[PDB]
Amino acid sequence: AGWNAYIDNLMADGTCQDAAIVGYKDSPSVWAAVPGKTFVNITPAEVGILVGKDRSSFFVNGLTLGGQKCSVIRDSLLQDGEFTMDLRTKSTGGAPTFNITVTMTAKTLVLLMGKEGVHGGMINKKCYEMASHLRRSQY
């Protein structure tokens, strides 16, 4: 069912725990998201941070995605033929943390969060192959 086929796809093999497609164009808007998890809640401000002209203060300060706080590991989001930013989640009170890749396509922002113990590269590679299929679609 629409953009939902991408997300139910991303979720298919029991490595991710969240997925979302977000038009970052004009007012940012989630177009499909794993229901009731974090990215269903992403907001314009945070999108503004992800696609911000200031590409540096997110390293000291951090960023939130949902209300979830996250350290930026790599950012090559705005960089051609790269498109990825890789992130890890901050904990309090011992909880697990999780890798995230965000991939900018022409119009969409695809984000995908691993289960605990899945490595940043499976996520990066998977979120990037899915987004390829947006970019080779004028999306």
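Just count from 1 along the sequence shown to find any residue number. Rigid core here is just the name for the largest C-alpha set that superposes within 1.5 Å across the two forms.
Note on 87-95 and 33-41: with rigid core alignment, C-alpha atoms in 4 other deposited structures of this protein sit farther from this form for 87-95. Of 1-9 and 129-137, the stretch whose C-alpha atoms sit farther from the shown form in 4 other deposited structures of this protein, after fitting on the rigid core, is 1-9.
The deposited model assigns a higher average Cα B-factor to 47-55 than to the other stretch when 78-86 and 47-55 are compared.
Look at the mean CA B-factor for 89-97 and for 36-44 in the entry; the higher one is 89-97. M113: CA B factor lies in the lowest third for its chain, per the PDB record. Ranked against the other modelled residues of its chain, the C-alpha B-factor of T15 as given in the entry falls in the middle third. Remark: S27 belongs to the highest third of its chain, ranked by C-alpha B-factor as recorded.
Sorting the modelled residues of the chain by their CA temperature factor places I21 in the lowest third.
Ranked by C-alpha B-factor against the other modelled residues of its chain, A106 falls in the highest third.
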